[PDB]
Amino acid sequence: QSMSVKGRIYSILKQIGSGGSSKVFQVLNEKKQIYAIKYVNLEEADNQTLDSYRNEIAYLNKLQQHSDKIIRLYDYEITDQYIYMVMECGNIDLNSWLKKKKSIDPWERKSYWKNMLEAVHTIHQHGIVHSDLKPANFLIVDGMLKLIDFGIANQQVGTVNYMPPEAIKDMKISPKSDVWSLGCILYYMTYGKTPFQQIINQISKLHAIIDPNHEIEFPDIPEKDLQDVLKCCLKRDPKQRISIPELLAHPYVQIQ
């Protein structure tokens, strides 16, 4: 099964992902280069939804040039019936890599954290706050992490483990919200779980996340600097929580 995008032909290799009206495929082109093509069927999409999709594509096309920690978009084809997006193919999502993982080299972790900050910093400079950041939003490629999306288009997902307190109360958003989520990610990568993963019940979990007397646990570890990043990222009050530009200057990423 071959498909054609902007005149060029790509042989399918396998499906990777799915969605309501979205499919992702690993493909090869004429020169045997490998890409991921996303196909979105628009038949059943509202004006607002189309508008959410066109916005994200304009943002990905643009932000590409400002960081290589953002996934590559090589080309796209868009009609009233479909979108095809030719994008960079990664090695594995960060969430899958993290699930099937014994522990992490401290060096690797630091380096993956740097990449997450860079990518999210980039979108914040352009006025985008992602607001639903999770391990699945990052992709490993050549031992680097790349951000795969910006949170803008409509519609493993559902999880609330990464959701900041002020997103629970509010149901405007600030970049401090992405810093909480990134923080839970690095908590996972440090202690092997998210900071509320124990609370199986959903409603106790949401009440634990917002309640200023539920003290989050920070077991001691050799890297005092990583312990500190985490505590600064997981402050419940956005105005106390560390900012991205601050995180970029923190001993944890700069020192050694």
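Numbering starts at 1 and runs along the sequence shown.
- Residue-level annotation: residue 130 has coordinates in all of the other entries compared, counting only those that model residues on either side of it, so it never reaches the one-third mark.
- Figure legend: residue 181 is marked as modelled in all of the other comparable entries of the protein, none of which omit it, let alone a third.
- According to the entry, the stretch of the deposited sequence that connects residue 111 to residue 112 contains no residue lacking coordinates, so the chain runs unbroken between them.
- Here the stretch with the larger average CA B-factor, out of 102-110 and 180-188, is 102-110.
- Set 239-247 against 15-23 and average the Cα temperature factors; 15-23 ends up higher.
- Taking only the listed residues 79, 115, 125, 156, the entry reports the highest CA temperature factor at 156.
- Looking at 54, 214, 62, 69, the one whose CA carries the top B-factor in the deposited record is 214.
- Annotation for residue 121: C-alpha temperature factor in the lowest third relative to the rest of the modelled chain, per the entry.
- In the deposited entry, the Cα temperature factor of residue 94 sits in the middle third of values across the chain's modelled residues.
- For residue 132, the recorded CA B-factor ranks within the middle third of the chain. Only modelled residues enter the ranking.
- Ranked by Cα temperature factor within the chain, residue 85 sits in the lowest third according to the deposited record.
- Ranked against the other modelled residues of its chain, the C-alpha B-factor of residue 256 as given in the entry falls in the highest third.
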